[PDB]
Every structure is written in C-alpha cells, then in structure tokens.
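Working notes, structure below.
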Amino acid sequence: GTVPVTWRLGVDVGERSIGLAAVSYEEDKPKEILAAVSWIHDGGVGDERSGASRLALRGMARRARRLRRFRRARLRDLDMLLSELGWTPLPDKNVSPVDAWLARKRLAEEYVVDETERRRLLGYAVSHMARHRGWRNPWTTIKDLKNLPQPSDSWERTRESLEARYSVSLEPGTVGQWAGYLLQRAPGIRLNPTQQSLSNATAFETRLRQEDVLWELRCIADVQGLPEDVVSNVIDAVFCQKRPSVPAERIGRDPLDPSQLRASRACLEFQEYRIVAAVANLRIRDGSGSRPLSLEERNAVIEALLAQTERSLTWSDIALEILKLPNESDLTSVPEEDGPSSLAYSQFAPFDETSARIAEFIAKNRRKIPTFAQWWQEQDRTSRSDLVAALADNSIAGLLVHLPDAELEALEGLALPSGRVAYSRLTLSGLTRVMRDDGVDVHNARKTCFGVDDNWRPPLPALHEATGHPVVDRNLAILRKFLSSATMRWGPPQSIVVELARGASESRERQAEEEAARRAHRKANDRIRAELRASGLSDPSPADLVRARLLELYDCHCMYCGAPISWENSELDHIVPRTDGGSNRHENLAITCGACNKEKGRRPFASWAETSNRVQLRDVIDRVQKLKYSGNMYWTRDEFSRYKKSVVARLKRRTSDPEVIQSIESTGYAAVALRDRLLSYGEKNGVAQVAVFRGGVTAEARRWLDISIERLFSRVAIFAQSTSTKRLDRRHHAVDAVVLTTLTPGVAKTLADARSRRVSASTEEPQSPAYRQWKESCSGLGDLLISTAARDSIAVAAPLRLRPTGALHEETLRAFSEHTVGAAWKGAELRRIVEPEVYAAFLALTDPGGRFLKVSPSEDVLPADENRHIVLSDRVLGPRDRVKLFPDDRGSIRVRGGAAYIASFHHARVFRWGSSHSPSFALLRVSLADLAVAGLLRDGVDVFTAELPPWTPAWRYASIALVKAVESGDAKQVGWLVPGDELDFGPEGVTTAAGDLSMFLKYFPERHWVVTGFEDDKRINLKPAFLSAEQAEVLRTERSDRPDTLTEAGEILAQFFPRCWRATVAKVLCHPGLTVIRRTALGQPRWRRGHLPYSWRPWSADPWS
RNA sequence: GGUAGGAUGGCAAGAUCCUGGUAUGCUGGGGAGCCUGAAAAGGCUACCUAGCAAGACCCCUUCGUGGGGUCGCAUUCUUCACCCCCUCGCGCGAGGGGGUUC
DNA sequence: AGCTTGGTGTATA
DNA sequence: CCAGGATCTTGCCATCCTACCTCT
DNA sequence: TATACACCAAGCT
Ligand SMILES: [Mg+2]
Ligand SMILES: [Mg+2]
Ligand SMILES: [Mg+2]
Ligand SMILES: [Mg+2]
Ligand SMILES: [Mg+2]
Ligand SMILES: [Mg+2]
Ligand SMILES: [Mg+2]
Ligand SMILES: [Mg+2]
Ligand SMILES: [Mg+2]
Ligand SMILES: [Mg+2]
C-alpha cells in the first residue's frame, strides 16, 4: 500500500559508504525522517591486503590465463616449425640443467660441423629462447624489433659490468653465452634479481630485451650459416606476440549521435573543429567592450592556424600580424590562463597536429613512402580524413589504397595523437561546416546542425546501467535499491539532493600558489615534451614525463642504490606499494634501476633498506634532501619543499601503513554519475529538481544547525581537548544525507561564504534572507534527529555477499604428505586424508556406524596394526601402502596435483541442539572450496542449505561437539551467517563480556555488531557496527604526536580496534533476544519471510525445511 | 552582476579499468654443482620443463581417459519466487540487467 | 580445559 | 614491473546554455 | 572520504 507524501532524498556518496535519507517535508519544514541509513560498502575491494578491487583482480587473472593460453599456442607453433626444420626441441626431462644455455653458448661461439649435433643444439637453443625471450614494446611489430639496435644498450651495460666483474670478455658476449659461462663458473648463481625476504649477487641486473635475444639469434645464425629464410621463420615464430587492442564497446558514444563512436583526437575533423571553435570564442575590443570576430577575421585567423607545420603562431602573433589589431591587448577572450610578462599572449594557438605529423613523416621518410607522399599530395581533406580515421582506429579490436607493404608498415609505424574527443567524426565535420559557413560558435552550430534548442543537454544514463567503476557501481547499486524501496513506500521524491566532492573555500594566497604551480607544470611539461619529441617519443604520457623529470633530477642514477640508469632500464617504483594503496602521484614515484624495485617488492623502504645491503636508508634520505631548487623547474619553491618532504616521509615508513593521500576521484565520479542517473530518474518520474551541493556546505550546515555526532549519539569524549569529529559514528553519513535534504541554493551560497571566511583566518552567525529562512524552516531538525537517534532508527548496514563466486582456494600449491596404512593413526592424520574414499574407509574403521569423523588432533585413534587392509571400491591398500595426506591439519583441497588451503569462509551454518531453556550452538564454517568439491557451484543450488559431504573441509574441521550433535541427530541447522550479518543484541546489550570487552562496553555499549569472520571452529569475529576503525587508527596516530590527548575511552577504543571482539560462538549465541538482523534498502530489518534474506532469532529459528 | 550546474576546447593534477608482455614464485617432473652420505637417499643453491584457480561449453577422430578452440575469481539480497526492462526481439520457455516496501 | 590475546602467512613486481 | 588504449574526476582559462539570489 | 582473516601458540585463571 503506497501512501504518497511530500519527501526529499539526500545522497551522500563515499569511498566505502553512502548515506541515504528520505525526509518527509511540509512547507519547507521537515516533518519526519522516513528513512535514514548509512550503508557501508567495500568500494569493490574484496581483499584489503591485495588492495585491488575484485574487478581488477579478475582482469589480472583473466589476462594471465590469456597470456598462458597464447604462450601455449605460440610454443606449439614453434615446435611445429622446429619439427619441419629437423631441429630437436629441448626435452621435458633427462637433460642437463645447463643443456640449453651451453647450446646457446656453443652455437654463438663456434661452427658445429656435425649436422645431427648442430640440429639438436639449434632446436634446444631456439625452444629455450622462445621460453625466455625478453621484453618488447607490445605495440611494436617484429619488423620494428628488427629495426632496433642490436644488442640493446641495457645489454651492453650488463656486458661491461660482467666483464669487469669476472675478468673475461666473451665474444660476442650474448646472453646465452654469458649465462652458460656463469652457470658453469659459479654454480648456483641466480640469473635475474628476485623478490627478497644467503643473499648473493645475481648474474644480470636489468630486464632482458627481445632485441638482445634477437641479436643472439642472429649471431648464432651467422656463426652456423643458417639460410636467411630459415632465420626469418624462426624469428617470426620466437617473437610472435598479439598486438594490444581496444574493444570498441569500451569507447564512448557521441552524445548528439549515439550510434557513432567518439572520434580520435588524430582525426582531421577534430583538428579543424578545435581551430574553428577556438577562433569562434575570441573577442575584439569594441567601444571598451568585447565583440565577436567578423567572418573575414575568422577566416583569416582560421586559415593561418590550419596552414601550419609547426606551432609558431602565438596569440600575440594572431592579434598583431594576422588580425592587424593596434595593440596586443585588443585581442580579448584568449583561452589561456592569465600570467605575468604577457604569458597568455605568449601561448601558442592550436594547429592541425595530425597533418603536421604526417607531413613531417613524409618529408623525413620520402624514400620509404613515395607512393604515399604522392597520394597525400593528391587527395583532398575528406579522403585524408577517412585514411587518418582508419589509421587511428586500426588499434580497435572490433585502407581503400593498394599501397606497397613496406609503405603500409611505415604508416602503421607512424604515430598519431591519441585520446577520444567528445564528438564523433560525422558530428565534428557537420559542426565545423556550420561554423565555417554561418560564422556561428559551437552552441549555435549544434542548434543548427542537430535541431536542438538552448535547453539541450546530452542524454544521461539510467539507474539500471553501470559505469564499470567499482566504487561508483557500489554506490549506484545501493542508491537504486534505496530509491526503488522508497518510491514504492512513499511515491517519488519531491526533490533529490546530491553532494558533490568539490571545494571552493580557499584563500587568495592558496589560489595564487596553485596558479603558479600550474604555470610551472605547463612550462616544464612543454619543455620536456620538446626534448622527448627530439629524442624520439611522439606522445609522452604522464609517466613518461615523470620518468624524464626524475632522470634529470637524479642525473640518470637510481634513487636507491645510486647505480647509473638510462631511459629503457629505469623503473618507476611506487615507494608506497600499489597493493598497500600506493598512488601514482609523483611524490610516490621513485626512479629505480629495476633490481632495487624487484628486491623491494611490497616491503616499505625502511623495512627493506634496514636488512638489505644494496641501499642505505640514510644515503637515500640525504640524496633526496640534497636536491636544490633550480631557477626554472617543474615545482615551485613551496611545491619543491613539500615534494621533498613527502618523498622523505614515504621512504621513512617502517610499517605497511596505507597511503597518506586520500584520493577523492572515486567520490567525485560517484557523485557525478549518481547525479546523472538521478536526473534520468527524475525525468522519468516527474521529480521537480535534483539539486547538488558541495561537502563543505553540508559540514557548515551541520555546524549552524548544532548537529553534533557525539551529542546526537551520546558518544563519550575520546580526546582530552576539543570534541571528536563526525567520523567516530558511522551514522554520520545518514545524518549528512538528512542535512542535505534541507539545503537550498541561496543558503548554500551563504554557508559557503561563511565557511570560506572562517578558513581565511568567533563565531558570527551568517547573515542572509536565505540563511534566516532555512534556519527557521529547519529549527526542528535537531530535535527530530535527536528523537530518531533515541529510537535507534538510523541504521548502519553492510550489503550481503551471497553469491558463491571468487577465489576457490589459496594460490599456493603445497606438497602432499604421506602416511602408511598399517601405522598408528592420530586424529589429525585422519583428518588430513586427501582421498574421500580412503577418508570414509578410515572413518568407518575408527567408528563403523558413522558418517562423520569424531577425533581430536592429539589423540592416538588407531594403533599400528601391521596387517590392516583398507578395502576401497577399486583397490585394496595393504598395511605397507601409503595414503596421500594434506600437509597441515587445516581445511584444504586437492588442486592440480597439489594441495591448496581453502580461501576465506563464504558463510557459516548455525546449528542448535539441546533443550530449549539452554541450547548449545555451533558454526559449520563453509568456504567456496567446500562448495566446489561438493559440486554445489552449479545452477539451482542454495549454497546455505545444500548438504555438504563429510569429507569436505567444512565437516572435517567442524568442532567435536557439533560433529557429535549432528551425528546423534539433535543438531539441526537453524540459520546461516555471512560476513556482514548484523547481530543486534537488543536493549540489554552484551552480557557475557570479560577482560577487555567489559572495559570497551563501559564506554561504548554497542548492541549492533558486524560479523567479520569465523577464526576457528568455536569462534566468530565481531566488530561494532556504529564505530569506525579509521577513528581508532587516527587516535593511535595522534597519540604519538601529542601528549596523552586521548581519554580513557580513546585509549580503550584504540586498543579494541582493529581485532575487536574475537568472540566465542557459545558466548554469543547464548544471549536471549539476540537477533541476526538483515535489513531492507531503507535500513529496516526484514521480518516477513519471503524470497529475500530475513531477520531471525537463533534461539527461536526453526530448523530449515 | 554573484553563486551553482551543464556543454565544448585548452591546460594542470589525478583515479579506474582494458589489452598485450616480461621476470620471478608455487606444485609436479628433472638435474648442473656442492654437501651429508653410501652395503644406508636425501638435502642446499641454481637452472630446465609442464601446469598455475576447481572446472564449463564446442568441435575432433586417420578414437580416447587424448589433440584443438572459446571461456571461467566483475556486476555484493546465492538458489528459489514475483514484478519490470533490453535483447532469443510474432500476445514464447528464453540470454542478460534491475527491483522486491517490515 | 576453555576462553583470551599475540603473532603471522597469505603469490609478486 | 613494462607500453599504451579506453572511461572518468578535480582545479584554472575562453565561449555558450540553464537556474536562482541580492542589493540599489 | 577507506581499507585482514584463518591458523597456530602461549597464558593465567
Ligand atoms: Mg559527503
Ligand atoms: Mg607469452
Ligand atoms: Mg618469454
Ligand atoms: Mg633468474
Ligand atoms: Mg616497487
Ligand atoms: Mg559520508
Ligand atoms: Mg621459471
Ligand atoms: Mg628455472
Ligand atoms: Mg587450465
Ligand atoms: Mg541478485
């Protein structure tokens, strides 16, 4: 029964959270909080230690599978070529460990007269070379690999280092020659640097290159006299590689023409569009005001801009010799940031970049492409545009000219500007046609060419369609469930309010220094772009620019060990590892030899330098601190100082603490994407407005409504001085959403001005009619929120993960143990029997009328019966026969000939037995490996109730009391628990606390707890629902920096978190009135039993039907 | 005007994936050197080789516990049930995507 | 002889 | 780690559109 | 505006 009410929706997006409020209004006064809920989500992250999202881990695993499958196919095709040549591939076994290396060495060194020996060594060498071929730019062809210098400079430096280290000069000094020589001279030497945790020097230090392996192949071919066609076939088989590709479904669509893909920046239509649009936005002085350029002025400037081979027309040049303006400042509306010494008029106007690159490539390589040079001078702009589009879109996964194949290879080697622009090629051609004909700008050209009005906006995505961004998708899924539920409860909202991750309350000095930072960044990047384009890099990436900057800043030396480095052997090490949240911000990037990076791994700089011998921590710190500010460089003075401090702080960390930087891109994207989808919902549902306000407006509105989280939720003081922030209670997201429902644009401007004035600095109330009206309308909001928190209606819930997907086991395969049948059997050895038939036979041997195994790990269950025979259904194992066992007394499954421990528990099944006045409880912890080996990872299976065989790790490592009670027939399954199920202990709270939980519950009497795991057969891990771990972690952080600022409650919280309540199942489920609460999207517990997970009481839940 | 939102282009700083690779690592099979040993078998350091989620679907084939091909760790209430949407698109049982109020 | 803490291994760059 | 493609965020400059808000 | 779990061992009642 839907009852319609006037209500507003408040949306607080977050990185790992979203606050959602449905607040019913009357006039502009809030009448009732219909629903306030903080939903805690994972941001797409499944494993916090891995750091990466589930989508990212799946993509990496899928691409590892794809790489290995194509490697299989490539090596099989090489085997076929070797069999056609008569060359014997290296066998799988019964060969010397250095047979391939010595074959490579001997074939490089001397001609082998015996044809049989020559073919065998050639096949050994080539098959091994294909297995270990080194690295190539994946976008380069095999012909491009052949055109590289041979060997690479990395291998020449390695060769010089090896000759100096070993006092011998091998000729010609190939990788195979040096490796075979060193594997014989120093047995047990490691070839490449590896991840560290005795430590001897490796043979090589830098990454092996495919041109080095190719040069060794050429040397072997020249020494052995192989025919050139044979060498060519072997090269194309060894260095075969799939070209990287872009799926076209990953490319966005033109908003005006959704059937068309967005155009590449390489397109000549986009180049023409850029020039014409920029000229259409310039203004000329007219009677102390600005006027648009006339049609003739526009055509003159546009023809001067298009007719360019190099970017040499500045805005001052355009004003002075092209426009014939009497003064340089007469040209107004220049699209550049204003700076000193007339920088805006010193900046370059756009040009046809693709035509300039193609003309440069033609004039440089007229020998290689004379037919293409003639065709390019022959054809017109439309045919050139079609050719350029084909050349720029050839990289799509899914030429009209009969060009010679060498010329086609040269053009595919030609580099064009990358990146997609907003419009399609057809749209750009039409829009540019309208502006060049009518003299209009982009807006009027869009109106004319596409028949739209001044109110036109691009089409927005709907609520049901995702972005592919994990944080945004989590926020969107939660919001759309909330909105669907709230719409069927109370109708559509009157208005929707969304908070955007933007901030404007900044000082003029802050604005000036950020402007100077942007100016210095642009000047340095333009310069470094110029020398990199002179060096041979067409379109430098941000990481290219960072690499050039750090190579200039450290004089082409490693930042860690000081070894000399170059462009191709350097690595950009994340000082804070990516798996520990480490960002790509340039203070987190260190230029590194590569050996230092590979040895450092995930370990922090200090925890690696402390025990290492290659680098010195203090030497690295002093080299960073000894950097001096030049006259002109990338950073400003303040930026250079803060950059050195950030780098030093990143080197100094001795623990795997997460990244210092709190990135807000995902929050901003979530806010903008959810706003676009809420605008779509409002168009489809007649919502009057979807307003947006900044975060600081919401914080200032909380300040001026006297909404304190510690007062609202009666949270005790954690600091001796001042009050705790909003983040101590996780309900603050829902509070922020409620506050967001009150905001109007005028009061938002007033509170933004007020907060900006207080940053630029007790206190003074804001002064505006909108502030007065909003304050009088939302005077009662404080009392309403106090009553809502008093009746505990603001819920904190995590969405459940019920799908049985993810990692089936741990990634480390383990060797099996062995145990003889006739020997004495302990309980743990009986629990570790791999084969289910042998396990069941031994189970029946220990207890005949039995389905489960009832043992203790330390008890000697069976004696050393010297004539014991285990009779399977396909074999009889005598007392001498050896039974395969899992290596450890923990849950594990057989995977690919080895043993793998089970992964995290998917769920726990709750079993209750005993009398009704005092029942006994136990958990059956079920992993995805249990479901996999039980065959339950299939269609039509309820994973929480489907039976698990006794040989599964779940039933093997259940508690002995649970096993005896299930076998005796008294224990029945009454429910299930997943990580994230809320345990509401009731108004009485937790009554079985002892030791540390009692001391935590004196100051934080939490009745709502979240299941986080099941750490053994008798325990469940619970953390409080309403309390944040980041607040406790920053308590621990500020405790070191400040003297005893934490209160008793602050210290108690700081030591309770993060392990929290490692609780006993018997001591948790013994609380009467404890409820396992599963909530609807509005934060309301699901009590009616339907086809969605519902709340249940472990005391009174019936056994499963 | 002032604030806010949106378009396009530029510039700056970032975030998320996607495609293709490399070098290790683990397990199985090996073994170059060293050591402990030998009437008495295993280590250590490397290197070689195969596999690297369990598995699923398709086609083989000059028949087999194999060969080849495409996939499989995302979309957090699994499965079931109901309702909605796009697509197997004749008012279809279906392939995906969404929602289910306490 | 059971619960409470403490430490640590887990596939990587 | 490597190259390099796609999607997007935030801030500033230029232009165009929208909406409301505030003081003479 | 964010980020460990399942196993293995001590430890004082
Ligand atoms: Mg917020
Ligand atoms: Mg490969
Ligand atoms: Mg290789
Ligand atoms: Mg090596
Ligand atoms: Mg690193
Ligand atoms: Mg929030
Ligand atoms: Mg290997
Ligand atoms: Mg090896
Ligand atoms: Mg496989
Ligand atoms: Mg579902």
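Each chain gets a letter, A, B and so on, in the order the sequences are listed, and its residues count up from 1.
The side-chain heavy atoms of A:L57 and A:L55, taken from C-beta on, include no pair separated by under 4.5 Å. Between A:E1015 and A:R1062 the shortest side-chain heavy-atom distance falls below 4.5 Å. When side chains are defined from C-beta on, A:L90 counts as touching A:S127, because their heavy atoms get closer than 4.5 Å.
Using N1 to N3 plus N6-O4 or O6-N4 for Watson-Crick, or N1-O2 and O6-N3 for G-U wobble, each under 3.5 Å, D:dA19 pairs with B:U3. For B:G42, the paired nucleotide is B:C35, the pair qualifying as Watson-Crick or G-U wobble because both relevant distances are below 3.5 Å. In this structure B:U61 sits in no base pair that meets the Watson-Crick or G-U test at under 3.5 Å. B:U19 is paired with D:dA3 under the Watson-Crick or G-U wobble criterion, all donor-acceptor distances under 3.5 Å. In this structure, D:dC12 and B:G10 make a Watson-Crick or G-U wobble pair, each of the two defining distances being under 3.5 angstrom. Pair assignment for B:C82 gives B:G99, based on Watson-Crick or G-U wobble hydrogen-bonding distances that are each under 3.5 Å.
Between B:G28 and B:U49 there is a base pair of the Watson-Crick or G-U wobble kind, both of its two distances falling under 3.5 Å. With both distances required under 3.5 Å, B:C92 does not pair with B:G64 in Watson-Crick or G-U wobble fashion. Here B:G93 does not sit opposite B:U79 as a base pair, Watson-Crick or G-U wobble, with both distances under 3.5 Å. With both hydrogen-bonding distances under 3.5 Å required, B:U27 and B:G89 do not qualify as a Watson-Crick or G-U wobble pair. D:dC8 and B:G14 are not base-paired: they meet neither the Watson-Crick nor the G-U wobble geometry with both distances under 3.5 Å. With both distances under 3.5 Å, B:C52 pairs with B:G25 in Watson-Crick or G-U wobble fashion. For B:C71 with B:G55, the Watson-Crick or G-U wobble criterion holds, each of the two distances under 3.5 Å. Geometry at B:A56 and D:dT22 does not meet the Watson-Crick or G-U wobble definition with both required distances under 3.5 Å.
Considering only side-chain N and O atoms, A:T579 lies nowhere under 4.0 angstrom from the phosphate OP1 or OP2 of C:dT12.
Note: A:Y423 and A:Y273 have perpendicular aromatic rings, judged against thresholds of 30 and 60 degrees for the angle between ring planes. In this pair, A:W976 and A:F944 present their aromatic rings parallel. The plane angle is below 30°, not in the 30 to 60° band.
Between the side chains of A:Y901 and A:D888, at least one donor N or O lies within less than 3.5 Å of an accepting N or O. In this model, a donor atom of one side chain and an acceptor atom of the other lie less than 3.5 Å apart for A:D454 and A:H443. Under the 3.5 Å distance criterion, with hydrogens and angles disregarded, a donor-acceptor pair is assigned to the side chains of A:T467 and A:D473. Side chain to side chain, A:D544 and A:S541 meet the donor-acceptor criterion of an N or O pair below 3.5 Å. No side-chain donor-acceptor contact under 3.5 Å links A:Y1094 and A:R1079. If you check the side chains of A:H469 and A:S666, you find a donor sitting under 3.5 Å from an acceptor. Using a 3.5 Å distance cut-off with no hydrogens or angles, the side chains of A:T579 and A:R602 do pair a donor with an acceptor. Judged purely by distance below 3.5 Å, without hydrogens or angles, the side chains of A:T750 and A:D753 never pair a donor atom with an acceptor atom.
For the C1' atoms, the distance linking B:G97 with B:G89 amounts to 16 Å, nearest Å. Annotation: B:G43 and B:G67 have their P atoms spaced 31 Å apart (nearest Å). A distance of about 14 Å separates the P atoms of B:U27 and B:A46, rounded to the whole Å. Across B:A53 and B:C35, the matching P atoms stand 41 Å from one another, rounded to whole Å. Comparing the P positions of B:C85 and B:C92 gives an interatomic distance of 14 Å, to the nearest angstrom. Comparing B:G55 with B:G72, their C1' atoms sit 8 Å apart, to the nearest whole Å. With both ends at atom P, the span from B:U76 to B:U45 equals 46 Å, rounded to whole Å. With both ends at atom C1', the span from B:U78 to B:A74 equals 16 Å, rounded to whole Å.
Heavy atoms from other residues, nucleotides or ligands lying under 6.0 Å from CG of A:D453 number more than 12.
Contacts of A:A179 with the nucleic acid, taken as non-hydrogen atoms under 4.0 Å apart, are absent.
Side chain of A:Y957 to backbone of A:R890: a donor-acceptor contact under 3.5 angstrom is found. For A:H907 (side chain) and A:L802 (main-chain N/O), no donor-acceptor pair under 3.5 Å exists by modelled atom type.
A salt bridge does not link A:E15 with A:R474: none of the charged nitrogens is closer than 4.0 Å to a carboxylate oxygen. Ion pair A:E659/A:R585 not flagged as a salt bridge, since none of the NZ, NE, NH1 or NH2 atoms sits closer than 4.0 Å to an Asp/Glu carboxylate oxygen. By the 4.0 Å N-to-carboxylate-O rule, A:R519 lies too far from A:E514 to be salt-bridged with it. Under 4.0 Å is where a charged nitrogen must lie from a carboxylate oxygen, and between A:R16 and A:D42 no such pair does.
When the pucker is read from the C1'-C2'-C3'-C4' torsion, the sugar belonging to E:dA6 turns out south, on the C2'-endo side.
Atom P of nucleotide D:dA6 and atom CG of A:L55 are separated by 19 Å, given to the nearest angstrom. Atom P of nucleotide E:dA4 and atom CG of A:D42 are separated by 11 Å, given to the nearest angstrom. Rounding to whole angstrom units, CG of residue A:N137 and P of D:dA3 are separated by 8 Å. Distance CD (A:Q210) to P (D:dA3): 15 Å, rounded to an integer number of Å.
Of the residues in residues 807-816 of chain A, those with a non-hydrogen atom less than 4.0 angstrom from any atom of DNA chain C are A:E810, A:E811, A:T812, A:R814.
Side-chain heavy atoms of A:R207 fall under 5.0 Å from minor-groove base atoms and from no major-groove ones. Groove assignment for A:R63 is major, based on a side-chain heavy atom found under 5.0 angstrom from a major-groove atom and none near the opposite groove.
Here B:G31 is in the syn range [glycosidic angle within 90° of 0]. For D:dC21, the base is anti relative to its sugar; the glycosidic angle deviates from 0 by more than 90°. For B:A53, the base adopts the syn conformation, since its glycosidic angle falls within 90 degrees of zero.
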* To do: Would you write the dot-bracket representation of DNA chain E, where each base gets (, ), [, ], | or . depending on whether it forms a Watson-Crick or G-U pair under 3.5 Å and with which partner?
  => ...|||||.||.|
Expected rows: protein N/O vs nucleotides 22-24 of chain D N/O, under 3.5 Å:
unit_1, atom_1, unit_2, atom_2, d
D:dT22, OP1, A:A770, N, 3.1

Polar atom pairs (N or O), protein with nucleotides 6-13 of chain E, under 3.5 Å:
unit_1, atom_1, unit_2, atom_2, d
E:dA6, OP2, A:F1014, N, 2.8
E:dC7, OP2, A:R925, NH1, 2.8

What protein N or O atoms touch nucleotides 13-17 of chain D N or O atoms at under 3.5 angstrom, if any, and at what distances?
unit_1, atom_1, unit_2, atom_2, d
D:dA14, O3', A:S333, OG, 2.9
D:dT15, OP1, A:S333, OG, 2.4
D:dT15, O3', A:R283, NH2, 2.7
D:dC16, OP1, A:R283, NH2, 3.3
D:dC17, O2, A:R457, NH1, 3.2
D:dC17, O2, A:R457, NH2, 3.2

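Taking 4.0 Å as the cutoff to heavy atoms of chain A, we find the contact window on RNA chain B bounded by B:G2 to B:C102.
In terms of position along RNA chain B, the nucleotide closest to A:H128 lies nearer the 5' end than the nucleotide closest to the other residue of the pair A:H41 and A:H128.
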